[PDB]
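Asks: Got a structure for you, written out below as structure tokens; questions coming shortly.
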Amino acid sequence: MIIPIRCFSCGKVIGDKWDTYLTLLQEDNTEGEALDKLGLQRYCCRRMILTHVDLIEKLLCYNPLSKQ
Amino acid sequence: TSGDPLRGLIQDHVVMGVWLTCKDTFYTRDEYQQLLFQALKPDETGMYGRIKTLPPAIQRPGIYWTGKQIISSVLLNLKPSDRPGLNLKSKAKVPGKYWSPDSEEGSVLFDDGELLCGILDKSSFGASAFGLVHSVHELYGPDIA
Amino acid sequence: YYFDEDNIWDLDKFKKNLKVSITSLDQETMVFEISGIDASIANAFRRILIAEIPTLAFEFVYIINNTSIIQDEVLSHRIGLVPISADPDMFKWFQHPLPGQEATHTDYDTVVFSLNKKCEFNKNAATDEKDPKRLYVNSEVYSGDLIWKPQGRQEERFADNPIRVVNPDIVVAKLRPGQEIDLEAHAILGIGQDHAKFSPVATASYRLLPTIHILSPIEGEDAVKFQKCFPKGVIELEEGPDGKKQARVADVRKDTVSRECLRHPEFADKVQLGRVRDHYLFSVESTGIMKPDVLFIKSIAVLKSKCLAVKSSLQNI
Amino acid sequence: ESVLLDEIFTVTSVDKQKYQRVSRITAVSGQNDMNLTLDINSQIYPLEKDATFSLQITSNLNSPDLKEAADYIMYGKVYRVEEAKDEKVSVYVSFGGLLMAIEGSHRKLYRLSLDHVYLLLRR
Amino acid sequence: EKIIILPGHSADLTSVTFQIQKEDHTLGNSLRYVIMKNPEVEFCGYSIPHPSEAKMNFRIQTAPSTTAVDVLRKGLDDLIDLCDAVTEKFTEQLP
Ligand SMILES: [Zn+2]
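As structure tokens, then:
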């Protein structure tokens, strides 16, 4: 679901480092190297906010309390 | 079904055996003491007051024990109360040529409990008879094997 | 019994051979060279940095209402993972509750944080744009909303430095109109060996300083190839009026042990890569808690303390 | 005195057969009736071609001649002794894996036994 | 029970097995290193029965002159002095 705070191998915090990653591909025309501007030099903490499925935004559109 | 041994040490232990028995490995005091002790682990198994070691194979200008010396050290520190030392000559698995044309490892030969020449492999200790572990089972009895 | 007579302990000679230099120090990252220290002490410093020193983290979580999508145990876990900025020695340890379990909180032991957000519909949105930041108010349950609750004396204990979350922008959960989250997290002191969320420093590790020496000096275009193999800066092509081009190792500290050369067929004769056995290159990147200076200082402090402990408990016998 | 060899030697071949460390060297000398081939730590003690030897195999390494001489010292049992092809003894000394082979015409190589050795090589 | 002597200790207290609880290689290794700098010790190696239960089997064999307890005491003092030197140089480094 949500971004896995505190990436697995290392201990860096990457919670806040997705909503500012997504608006780099979105509007900067950059490639996957965009995340390098975020301060991720290793490649353990880099296979986290690169290849993570944010599978919540497809799941939050299921409220039973829709009132509609 | 047959006589050959069915137990034995396996994959990591056997190739690291080929890397420890090999003559290219030398240990200093610290690593030798530490390794011998990790191998024995006396207290939980018990039976012994104080561990006895061998002198260093090469001494000057730095004191460096060799690996086969450590396999011999183990064979010693499990010696029964009073049983004469082991002796054995038997062919190893890794043929000698891989080491060198006319290399001497070939066949494990250790008299009086000391690995004089010959690296340990599958055959020496594993699912193969007439090696180390089998002859130790014969001489020293199974509860030692 | 053979000692080699050069392994004698001597505090003066050791202290004299030892050398330390600090390459770079910031508010988060610190890179420095220790030297004249045997491997085991480096392993111990690394361990105490990662595992042994304490730091507050959210242990318990009391939910009063949680109808969010995120599983409740998942949400408690993920809240626990966030880091908190409080100097962990301002508190005491938590005496863990054996039977007789309830009355086990005090103002020095634990600190309480609380959050509550109910995502209500935002009606000002003109069309359909499921940001959802604009369609709904209080959509994303951030970390920064975990607003600390003072417990008595604490309001003046930490008045100079409020007990706050390290990063006010971490995401903790996500909501849509109708549901709510309301909980308070009890934070206690912890020792990283039990759980990872206690460990202050994220990444603390060392490298043995690589050593590159050229046996036979290479020439010409091979100088370009050799500069090209290692990353920039560590290999200069010497301006020598004799001949045309050579290469020498400027500063290896930047280099990685990558061992690219030894694969080449022609270079393998000319260069070895070895390792200075008593030069240790630490890097320590904190997470959110403390200046890494205090991290390393308190780490050797903790080794000193554990040695004092075994020393006394021995003195008893 | 229990010194069993004091012959001088010279090196003829060195390898270096898939070992970065210890390398066997051959050092026939005397009136060429001394076929000496041994192993040495080629990491902490270098030995090259025609590098002269001073080889001494004692029994008990307790003398100031230890410190004065013996710029390199080993230790190990001698497992096999044979009389082959002649009144000619070939001796094989082990050194904890490191092997040896020394041939004499039963002379100058007399007292070699089946015990521990303490070889001393002083360059 | 932080440090308890296991029941194999020779009466002379020349070959004792310390058993430090709630500890792993972190102190075992460095303490072994500092002890091996001590000449009068013959054997000092550390182990762990099972990493799940945090018990570190130590072991020291000593020379007949000094018993092993005094050896461990001096070794621990020496390790403390080592940390003292490290913190001295370190805190000298930055302002
Ligand atoms: Zn990571």
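Protein chains in written order, with UniProt numbering: chain A, 1 to 68; chain B, 677 to 821; chain C, 29 to 345; chain D, 3 to 125; chain E, 20 to 114. Beta carbons are placed, not taken as given, at the ideal position from N, Cα and C, and that holds for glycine.
If you run the structure through DSSP and keep just helix, strand and coil, what is residue 759 of chain B?
Replies: coil
Asks: Closer than 9 Å, Cβ to any Cβ of chain B: which residues of the stretch 16-27 of chain D, in chain order?
Replies: 17, 19, 20, 21, 22, 23, 24 and 26
Asks: Does any C-beta atom of chain C lie closer than 8 Å to the C-beta of residue 738 of chain B?
Replies: yes
Asks: So residue 30 of chain C contacts chain B; which residues on that side make the cut at Cβ distance below 8 Å?
Replies: 705, 731, 732, 735 and 739
Asks: In whole angstroms, give me the CA-to-CA distance for residue 341 of chain C and residue 29 of chain C.
Replies: 30 Å
Asks: Can you pull the chain A neighbours of residue 199 of chain C, defined as C-beta to C-beta under 9 Å?
Replies: 2, 3, 5, 15, 16, 18 and 19
Asks: Tell whether a beta-carbon distance below 8 Å holds between residue 94 of chain E and residue 53 of chain E.
Replies: yes
Asks: Name the chain B residues whose beta carbon is nearer than 8 Å to that of residue 86 of chain D?
Replies: Within 8 Å Cβ-Cβ: nothing; residue 86 of chain D doesn't reach chain B, min ~17 Å.
Asks: Which runs of the beta strand (DSSP E), 3 residues or longer, sit entirely within the stretch 14-38 of chain D?
Replies: Complete beta strand (DSSP E) runs here, min 3: 15-17 and 25-28.
Asks: Per DSSP, residue 692 of chain B is paired with what?
Replies: Paired residue(s): none; residue 692 of chain B is not in a bridge.
Asks: Give a yes or no on whether 8 Å exceeds the smallest Cβ distance from residue 48 of chain E to chain C.
Replies: yes
Asks: Quick one: is the Cβ of residue 12 of chain A within less than 7 Å of any heavy atom of ligand 1?
Replies: yes
Asks: Tell me whether residue 210 of chain C sits in a helix, a strand or coil according to DSSP, three-state version.
Replies: strand
Asks: Going by Cα to Cα distance, which pick from E/109, E/74 and E/85 is closest to residue 63 of chain C?
Replies: E/109
Asks: With DSSP as the reference, identify every bridge partner of residue 144 of chain C, one or two as the case may be.
Replies: C/210
Asks: DSSP three-state call for residue 192 of chain C: helix, strand or coil?
Replies: strand
Asks: Need the endpoints of the beta strand (DSSP E) that residue 324 of chain C sits in, please.
Replies: Residue 324 of chain C -> not in any beta strand (DSSP E); alpha helix (DSSP H) instead, spanning 320-343.
Asks: DSSP has residue 81 of chain E in a bridge; who is on the other side?
Replies: E/60
Asks: Quick one: is residue 58 of chain E near chain B, going by C-beta distance under 8 Å?
Replies: no
Asks: Can you tell me whether DSSP reads residue 747 of chain B as helix, strand or coil?
Replies: DSSP places residue 747 of chain B in helix when its eight states are reduced to three.
Asks: Is the Cβ of residue 102 of chain E closer than 8 Å to any Cβ of chain B?
Replies: no
Asks: For the alpha helix (DSSP H) containing residue 112 of chain E, name the first residue and the last one.
Replies: 87-112
Asks: Hey, residue 96 of chain D and residue 79 of chain D: beta-carbon distance below 8 Å or not?
Replies: yes
Asks: Against chain H, with Cβ distances strictly below 8 Å, would residue 94 of chain E count as a contact?
Replies: Structure shown: chain H not included; protein chains present are A, B, C, D and E.
Asks: With H, G and I counted as helix, E and B as strand and the rest as coil, what does DSSP make of residue 116 of chain C?
Replies: DSSP, reduced to helix, strand and coil, places residue 116 of chain C within a helical segment of the structure shown.
Asks: With respect to 7 Å, is the separation between the Cβ of residue 705 of chain B and the closest non-hydrogen atom of ligand 1 below this value?
Replies: no
Asks: For a contact defined as C-beta to C-beta under 7 Å, what are the partners of residue 25 of chain E on chain B?
Replies: Residues of chain B whose Cβ lies closer than 7 Å to the Cβ of residue 25 of chain E are, in chain order, 719.
Asks: Which chain D residues sit within Cβ distance under 9 Å of residue 743 of chain B?
Replies: 98 and 99
Asks: If contact is defined by three or more beta carbon pairs under 8 Å, each pair taking one atom from either stretch, is the stretch 211-225 of chain C in contact with the stretch 112-124 of chain C?
Replies: yes
Asks: Using 8 Å as the limit for Cβ to Cβ distance, is residue 126 of chain C near chain A?
Replies: no
Asks: Residue 237 of chain C by DSSP, collapsed to three states: which one?
Replies: Three-state result, residue 237 of chain C: strand.
Asks: Straight-line CA distance for residue 857 of chain B to residue 718 of chain B?
Replies: Not covered by the structure: residue 857 of chain B. The range shown for chain B is 677 to 821.
Asks: Should the stretch 30-37 of chain C be called in touch with the stretch 282-300 of chain C, which here means at least 3 C-beta pairs below 8 Å?
Replies: no
Asks: DSSP state of residue 31 of chain E, grouped into three classes?
Replies: Coil, per DSSP.
Asks: Using DSSP with H/G/I as helix, E/B as strand and the rest coil, what is residue 289 of chain C?
Replies: Residue 289 of chain C falls in the helix class under three-state DSSP.
Asks: Cβ of residue 327 of chain C within 8 Å of Cβ of residue 65 of chain C?
Replies: no
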